[PDB]
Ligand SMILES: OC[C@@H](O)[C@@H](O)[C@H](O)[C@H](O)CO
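Take a look at this single chain, the form solved without D-mannitol (MTL), given in structure tokens.
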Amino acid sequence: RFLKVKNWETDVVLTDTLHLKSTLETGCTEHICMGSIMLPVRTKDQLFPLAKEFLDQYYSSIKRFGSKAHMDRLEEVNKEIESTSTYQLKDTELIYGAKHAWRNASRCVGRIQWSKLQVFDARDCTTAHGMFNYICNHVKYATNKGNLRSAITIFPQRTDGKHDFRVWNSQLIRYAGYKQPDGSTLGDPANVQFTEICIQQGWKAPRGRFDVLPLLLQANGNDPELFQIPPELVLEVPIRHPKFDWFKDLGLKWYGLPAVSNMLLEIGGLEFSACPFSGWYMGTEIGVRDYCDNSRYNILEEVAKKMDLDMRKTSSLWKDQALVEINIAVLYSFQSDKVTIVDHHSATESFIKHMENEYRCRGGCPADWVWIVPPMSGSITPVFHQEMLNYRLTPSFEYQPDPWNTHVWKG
């Protein structure tokens, strides 16, 4: 089967064949599209075909499909599965697997970088203290004094689902949020629930607008333990504007390292429930969403005030105007401090080139338009005009339940 996508700006038409390898479901049916919906222990019987499918892909990628080495590895994995009910990946397969989960991530605009990923194998980790050490090392490596390097740290895979390794933080670096008795919020309103958990677990909260949350780390299914990332490892950037000298006095800053820690990495049917990964920011993530969502720092009003825009009616476009200036400030600040960041024009243009390269060399590039298009200035980026096909390939990154909802407390 062949599927065509068209770019309505250029009339370029691409043909997808890679979708034939899709597996998991989309949520959609012939009667309903769930394209804008955000959210969607394994028997030996289901495990070996998953392992085999993965190993066939791995061995094809290294041009050894059907080799004695390929056949021996399948044999070895089959035996390990029937004997032990699971299997262990070779370091080469783990690295291949992690890179392809990123390559396959349909919501990621940054995938041109997929083959450049430092993989830290933490499968020998046994305690929350061990996890803390591995994560500090990841943060320091990935930060690299502002010259950011993509990385992922992989903790031991799931066994019976009662011994999961989990990082309870949704992201490695995030600011606390505090609900006040008057209903107002101090800090990042997105993190109020998690902050309360940390405090309950014994964290002494400074109660400021930008407090870096402690790590809450769960090893081998045990109760999670709190750790504070060394402050000297947490790179932050004070936000200022190149023309507006008063912008600095907003008191804004952000951290340099975007590091997602709540997702699950699936490779060959194995499940890595703790696999924190990091790259570098696209400016809009901070300037548009973090700062300007009504449910986040919500700074549009204050900024527009200081610009003395007409705020009496929406049609003056005061919000749009302030939004651009904020996003200029973010890019300017990171650049000035030599912390890696990419603007939404650069990133989407690079993505289009990546996507076209993938169509040619791979037969497709699954992509979720809803997430790929930036949250400001959508149609003046090339991705807006690009038809995309969303489907799910493995290896993959998946959502998983929040650990506080499923954890059985030891006490």
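In case it trips you up, residue 1 is the first one in the sequence shown, and so on. Each form is matched to the other, and the largest set of C-alpha atoms that superpose within 1.5 Å is called the rigid core.
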Core superposition done, the stretch whose Cα atoms deviate more in 5 other deposited structures of this protein, picking from 161 to 169 and 264 to 272, is 161 to 169
In 5 other deposited structures of this protein, rigid core aligned: more displaced of 180 to 188 and 253 to 261 by C-alpha RMS
180 to 188
I'd like to know the size of any gap between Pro40 and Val41, counted in deposited residues with no coordinates: none, 1 to 3, 4 to 9, or 10 or more.
4 to 9
Which has higher Cα B-factors on average according to the PDB entry: 249 to 257 or 96 to 104?
249 to 257
If you average the Cα B factors in the entry, which is higher, 290 to 298 or 178 to 186?
178 to 186
Based on what the PDB entry reports, which of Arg149, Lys140, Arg111, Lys306 has the top C-alpha B-factor?
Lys306
Top Cα B factor in the deposited entry, candidates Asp160, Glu236, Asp320, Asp91
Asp160
Among all modelled residues of this chain, ranked by Cα B factor, put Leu50 in the bottom, middle or top third, i.e. lowest, middle or highest.
highest
In terms of the chain's CA B-factor thirds, is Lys204 lowest, middle or highest?
highest
Within this chain, which third does the Cα B-factor at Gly35 fall in: lowest, middle or highest?
lowest
Test of reading the entry: by CA B factor among the chain's modelled residues, which third contains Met376?
lowest
Among the modelled residues of this chain, does the Cα B factor of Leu331 put it in the lowest, middle or highest third?
middle
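Not on display, but discussed next: the form solved in complex with D-mannitol (MTL).
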Looking at heavy atoms inside 4.5 Å, which stretch does D-mannitol (MTL) contact in the entry with it bound, given the options 183 to 191, 124 to 132, 315 to 323, 222 to 230?
183 to 191
If you check in the entry with it bound, is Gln201 within 4.5 Å of D-mannitol (MTL), heavy atoms only?
no
Indicate whether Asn262 is a 4.5 Å heavy atom neighbour of D-mannitol (MTL) in the entry with it bound.
yes
At the 4.5 Å heavy atom threshold, is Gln88 in contact with D-mannitol (MTL) in the entry with it bound?
no
Although the partner isn't part of this model, could you tell me whether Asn78 comes within 4.5 Å of D-mannitol (MTL) in the entry with it bound, counting any heavy atom of the residue?
no
Just one of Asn298, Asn144, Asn137, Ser170 has a heavy atom within 4.5 angstroms of D-mannitol (MTL) in the entry with it bound, so which one?
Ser170
Note that D-mannitol (MTL) is not shown here; using its position in the entry with it bound, name the residues of 379 to 411 with a heavy atom within 4.5 Å of it, in sequence order.
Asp402, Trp404
